[PDB]
Amino acid sequence: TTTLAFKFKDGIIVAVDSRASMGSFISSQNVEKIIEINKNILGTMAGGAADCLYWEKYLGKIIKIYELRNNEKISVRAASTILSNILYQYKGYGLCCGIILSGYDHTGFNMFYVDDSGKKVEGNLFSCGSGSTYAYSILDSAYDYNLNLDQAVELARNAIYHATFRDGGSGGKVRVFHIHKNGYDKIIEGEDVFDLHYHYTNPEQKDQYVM
Amino acid sequence: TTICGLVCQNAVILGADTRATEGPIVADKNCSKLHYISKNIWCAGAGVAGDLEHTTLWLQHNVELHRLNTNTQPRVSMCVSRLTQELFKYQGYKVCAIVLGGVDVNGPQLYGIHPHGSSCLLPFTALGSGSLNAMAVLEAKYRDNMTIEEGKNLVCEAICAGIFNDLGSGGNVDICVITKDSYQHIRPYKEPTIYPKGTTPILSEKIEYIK
Amino acid sequence: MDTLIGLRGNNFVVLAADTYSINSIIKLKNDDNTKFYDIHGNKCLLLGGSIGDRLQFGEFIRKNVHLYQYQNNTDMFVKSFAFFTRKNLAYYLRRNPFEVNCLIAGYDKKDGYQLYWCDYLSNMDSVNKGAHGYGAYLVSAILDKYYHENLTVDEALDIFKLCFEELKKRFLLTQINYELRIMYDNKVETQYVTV
Amino acid sequence: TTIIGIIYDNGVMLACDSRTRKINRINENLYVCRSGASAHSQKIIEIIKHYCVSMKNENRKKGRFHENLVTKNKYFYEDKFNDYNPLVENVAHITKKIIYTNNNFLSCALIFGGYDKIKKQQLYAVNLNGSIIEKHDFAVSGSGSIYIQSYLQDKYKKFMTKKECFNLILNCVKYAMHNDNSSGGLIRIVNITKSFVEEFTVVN
Amino acid sequence: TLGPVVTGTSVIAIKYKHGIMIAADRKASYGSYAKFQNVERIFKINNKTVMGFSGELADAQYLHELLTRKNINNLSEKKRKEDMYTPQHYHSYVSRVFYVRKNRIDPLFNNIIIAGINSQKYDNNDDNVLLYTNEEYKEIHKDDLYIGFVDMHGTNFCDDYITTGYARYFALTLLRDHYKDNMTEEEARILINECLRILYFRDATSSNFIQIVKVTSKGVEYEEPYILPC
Amino acid sequence: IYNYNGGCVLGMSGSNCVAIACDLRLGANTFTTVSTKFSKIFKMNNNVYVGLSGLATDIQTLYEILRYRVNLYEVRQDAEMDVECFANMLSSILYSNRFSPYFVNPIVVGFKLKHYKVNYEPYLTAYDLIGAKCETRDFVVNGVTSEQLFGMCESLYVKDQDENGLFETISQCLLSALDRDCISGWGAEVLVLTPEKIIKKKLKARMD
Amino acid sequence: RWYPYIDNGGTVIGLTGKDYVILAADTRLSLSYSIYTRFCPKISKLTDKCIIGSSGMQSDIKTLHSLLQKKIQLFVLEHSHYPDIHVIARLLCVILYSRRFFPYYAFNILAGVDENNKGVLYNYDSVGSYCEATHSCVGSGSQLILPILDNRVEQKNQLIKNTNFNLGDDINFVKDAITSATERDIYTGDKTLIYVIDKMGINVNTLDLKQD
Amino acid sequence: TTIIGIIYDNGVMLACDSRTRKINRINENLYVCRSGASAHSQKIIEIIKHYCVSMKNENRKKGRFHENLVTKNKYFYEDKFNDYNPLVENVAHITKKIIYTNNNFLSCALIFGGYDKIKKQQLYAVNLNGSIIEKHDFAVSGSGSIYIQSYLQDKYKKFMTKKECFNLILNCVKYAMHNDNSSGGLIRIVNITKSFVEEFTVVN
Amino acid sequence: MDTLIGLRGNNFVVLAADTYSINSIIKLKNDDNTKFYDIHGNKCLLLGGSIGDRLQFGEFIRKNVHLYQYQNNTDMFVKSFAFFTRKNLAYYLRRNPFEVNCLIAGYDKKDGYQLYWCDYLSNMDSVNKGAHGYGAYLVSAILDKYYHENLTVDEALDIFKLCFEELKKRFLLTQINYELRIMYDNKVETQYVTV
């Protein structure tokens, strides 16, 4: 459930894992936790997979209707408000969705955090999931504005790696996308964390890594 | 689990399955339900396996000590008495329903012991998840003063049907014949990719020679 | 959980609130802006509690007030604002609870500068000073000690600085950053303080 | 479970069903019939049997003195004149004490029948908790008996003959089995007289 | 609706040459009381169709009302003998009813058996139907007979023999061990008698006063109640 | 309760060779790994090993008790303990606390000594938390990943085998089982004991 | 005080090839510890190149399969083409999420062959979430067999590796996996149906398993 | 509460106690006895009386046709030949439906007695939930009746006379009151025959 | 609630703990000294949890170890200390639960410098680094990133400074003051840090 997204000079970086658990058992190791809501807006998944997916796609449909109607791209703030209102309509019903809506609109680059309890917040650095705390700790420690794209992707990959390292519910593959003015690009579609660990912490394959 | 017991012409016959479950999964496919108390007394139980094993061992050793001190053939009624007091002392929290068959000076006989400490003498009985089916067939075909061969055939009919019907019971069929002198234990009565060397990766190894 | 403070005196009103967005055991932001809602004219609404509930209720009340102001082409009185807010809060409490504490502040040509306390049960009443959240326990007494008639804005800010210092030094959650909203002389000023 | 006890002239009779032997022989002239929890009743029966053996041995004097199918078995009393056989009242009262001291867990209703030299044939009912009542007419217990209560009350007589009491108790048990859903099987009946006890079972 | 109070024991239905045979005891227990000892627990929807029962009595009666009036409606708009609903039709109908009630969380505390003949090429009884008032048997291919089960949760299926209640352990074992194919009426009756005797010995809620019904080329036949030989 | 500090232990037999493998994770609150060196396999005798899975404190307490008892017996008799005796004493110890028990599911793996020259016979067994001994004579599994290990061993077991094949099969089965569990894994360790020598190796498992 | 959920138990297996898919399933219907019948197929044919298997409440899966078949038939009638596997998957997701608060007790696998002759398998959950995969299993035996398929197909934790796989080997592997589940599980079943979807239509075979 | 009903030749009898008038007159030839919750029973009785009046008015044809103390009262039927009096089966079944549709809250056991031209004297029992059974011999309800069940079974005959049924039902109610602790008061009895209904009360 | 941090490396060990005494919603003191317990020789025990429980358990363990050392005229080994503490904690858990999290640390001539984690259920195990309390969630990852063999004490203090900054900036309960205990070169040094 580890999600990650931060804003820097050349746009926004979004990162996710690929694990899915039915308790103590992992149902699937490869899932897509990033959805192309619009040509310039992405949204991560945290918590209830089905609720998040269905409501993200419903929001995409609503955005399509509005954009086709008024003939102008919607803003990230408007999408966040719509999603928050719809989720709040189902308060006290069991939804456990946590979303990070990130995109570029006519105002610039924007990021928002939304929760099943209608918790709309605006910021430049967010992370939700079981491993969110570790990602936050490794971001704040080394995060900095105005760093090149390569450094941004490396930092995101390292944060996701460490989050998966100390989280049973986080793992699988790390997907890292980059959002810029004209749409987005998939820097890393999927990377097995196996070689990632054996390259970051235990470069020498001798003896167990004791922590 | 399916346990059955029957009294035949100056003899006793016990039968059981050979499958133990750890929930919806089968742990051991060739377990052994029949247990040896003395040279002329046997038991077979259903319930918590640990409780059954411990109680059976305690009863066997106590009976052996009593026989050695008294120098008389063990009596099944004594074994009943002991089990009944032991279970009643523990408020029935040691759930282990047992079928006890023996041949003492008073002739062959069968006792059913229930978790709460109550006991009842019977000519034929069955316990376990598959007890209903085995007892149904037993009552359908059972007769008094049968022959050992007919008794064993009916004991299969019981246990074999219980295996084929109930999910919690399965595997092979174990049978035991108790007589005033000597006994028989037919354990399996009926019974109805290599990887290339070096495939797995390792990062440490150490050989210690045993003295 | 969310500390709100309000001090009203002759020809001035001051509101104060910590800037924090708490989620579980971490802060989403140290620069929260969902606590203050400025109404057109001289009117401010300070809300504390769960983020979503305060967001919904504040937006609802603010936009209804704007609707009234435009459709009637006037400036709704502070008393009417406060009592309309109380009525809406009571209605929703009876139907759908809004766990939100409320501080209404305003200026009116009729009644001067005023404040209004309101609990999450809509236990609203006019007061010269008040607080909301656990931090209230650690600041209310201070407000009593140093408050006196004919106060000036500078002394009000001094009292607020004392309250912030006390909250930082003794309150379980060491709250550092605060935002101030000062209403006086037909002006609204926003200030940021860090103790 | 249905349990019946009827006192006729010069004797007493107890009757029970067989569903889940409910009559137990505490002594050659002392029987008890049990209803309720099986394990509780069995443990209590063993305890009172132990107690009864103890008292019977204790009160032995020193020197010489007194110079469908109705399959049935007869047993003549070994102790003529009841020189040392324990009194039924003592056994009933010790059972009452045992039940009372453990009434927080023990839940079983017992009926004691027997013959004594002091008080002739007797019937006692020990209910839930430590309540013991001596019935001169008859005693009934178990779920089934509730259905036949009135029946018995209508057809009981002060001084019945052996055959009359036998027929009455047999019909009572049959009706109890017919109505009640948790009583059935072959009926067991025990007749305790002044000099012998005969037990027979009916398979109807 | 809120829990069983007056309940039936069990039913046994098996298909044999000349049709199907269904047996059930005539008793409805009020807990552990056995208040009623003469109750008809096997109903009839139409020729070539009957409904079993093991559960609460009120729900069974309500379902009987529903099914009989559905049959009346079917007859009202009937023009050819092929228009009569088949046992599969009624089985699916009751399955749908049970599923809807489950979704509403107000089930019927019953386990229904719907048994009949889903073929019309063997007899001309349905060409002139007679609800009020009422040769040699014709062998029936087992493919033309139908027996369907329905559970509280809507679970349903079809097979060559079905039992409900405690009969699902004793009678089911006996049938699986001994049931044959194309057995004459005498053999089927013997097997059913053995199963019901076993139930009578080891089932408090059962009894020996038995009702046996046969669905054959001649229609539905209610045989006279008899006491088990024992 | 067993999710807290999940673990996995496995054991297999071959031709004059036995193997026991385990995971090396110690977590907290289920979804928080704390250490990656906690080994579940403890050497109790030159040819007897016990693999314990479950609550770590219970594991340590039981291991210490077993070491005490085994050392006492060995010193008193001045000879090595037999696997039969160790298994029986483990059953007795587990049952001694039937009420308020030890929340651990151990397995015993080793060699049975047949004197006459001498013979070594593989011996394996797995227990419940009460001491429900059940001999199997082939692969034994225990832990939160019991189902996956059962499936893998059923699919891959090859009866008697050379020690190299035994090591390959056990390592593959364990690695496959752990990869499908979230609260277990973080490295694996394998021991292959034979009469002549004992090899201990650690796998390049998915450490995340 | 009545709980409207019972697990009828069972197992369904699905594997994919370059241009084909194999879907096996048990044929046992059971209750808590007793078996209703020895034959109750769990695989319902949706189109000529798409089938669905499910595990859980038998009534729920039957109703869901019938409803999905009705929707597909209506779509074909009103649009004049057979829906693709992706369309069917999304429609099934919508149907499942419709009952978000009274969810079906049905775990679903949707197998088919795309218009480009690619084997596609979609695995769902009880409430709507779904994801494409090259191998899947649902039911009681899921936890048991999934590691076996994982080792066979993905072939991680291996150095030699062997990716040469054809239809016959896949069928034999599926039969071995289902037999292992039957041996090591109680709810698995006794007779299994193996559906094979290839470019040239679909086929069905039957295999006999243990009866315990 | 004890409620008993007996079908004798050419008529039917219903008897009840008085403790907390349990027999209610739905129609001149249709009576019902109620046991259980008092409020539910009274409301259902009022509703069914409303329904009975409705049906009685509805089914009237168009033109002319057919050209201790034992204090008692007699009422002759106004409708000879039962031209329009509702059938007892219809009343029993509508009551069954009403109880069924509200079985989650309604909890009361009813016994319907009456005379009809189609099926003569009848006796129906509506149990808890929507369960209706037609009894040809007799019907019993309430806590007290359980004690007399067997008694009734023993002393019932196929074709009893008026006085025999009188005595049997009176003794049944008396025994029920004697044993049951929640039944008492004067006994009320109603006799419904082909051409009249006579209601009396006994104070013994 | 009480944050403990521990980092062990070749020829150095470091323990860190926030200095706060929480009672209800206020702080009794900002200089809590009930968390560290120094044993005679080179041994330290850091406890977190309820003040009374940690006081009792720490005093018991320290005085028992002192009794052992005086009676036997030697210095208890670090491993013996840690396992004795674990056994006592497990025993009391079984009878009278001690809701206390333990970080044992020390230096021995035999095993070198070593550190030991211990959960409130006595889930003790040797570790190269660790944390206790909610703040652990925000530090462990950092400890993984910057830790590497052949570390030096200065780098350890830099890592601890990073951890303190992270707790101050992101942790709900903003913790500012910390106390550090550094064991190295047969010296135990105490420091106080404020971020």
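For reference, chains read A, B, C, D, E, F, G, H and I in written order, and residue numbers begin at 1 within each chain.
Methods note: a residue touches a chain if its C-beta (ideal position, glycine included) is under 8 Å from a C-beta of that chain, and two chains touch if they have at least 3 such contacts.
Listed by chain with UniProt protein names: A, B, C, E, F, G, I = Proteasome subunit beta; D, H = Proteasome endopeptidase complex.
Chains B-F form the pair joined by the most contacting C-beta pairs. Think of the whole protein's Cα atoms as having one middle point; the chain whose own Cα middle lies nearest to it is G.
Centre-to-centre spacing of subunit A and subunit I amounts to 35 Å, using the average Cα coordinate of each chain.
Centre to centre, using the average C-alpha position, subunit C and subunit F are separated by 64 Å.
A straight line joining the Cα centres of subunit G and subunit H is 61 Å long. Separating the centre of subunit A from that of subunit H, both taken as means of CA atoms, is a distance of 75 Å. Each of residues 25, 133, 136, 165-166, 194, 205, 207-208, 210-211 in subunit A touches at least two other chains.
Touching of two or more other chains is recorded for residues 127, 137-138, 169-170 of subunit I. Residues of subunit G found to touch two or more other chains are 34, 143-144, 156-158, 183-184. The full set of touching chain pairs reads A-B, A-C, A-F, A-G, A-I, B-D, B-E, B-F, B-G, C-I, D-E, D-H, E-G, E-H, F-G, F-I.
Subunit H makes touch with subunit D in their complex at residues 146-151, 153-154, 171, 175-176, 178-179. By the touch criterion given at the top, residues 29, 31-34, 204-205 of subunit E touch subunit D in their complex. Residues 205-208 of subunit A touch subunit B in their complex. Contacts from subunit B toward subunit F in the complex involve residues 20, 22, 25, 27-28, 30-31, 48-51, 53-54, 93-94, 193-197, 199-211.
Of all residues in subunit G, those touching subunit F in their complex are 143-148, 150-151, 156-158, 176-177, 180-181, 183-184.
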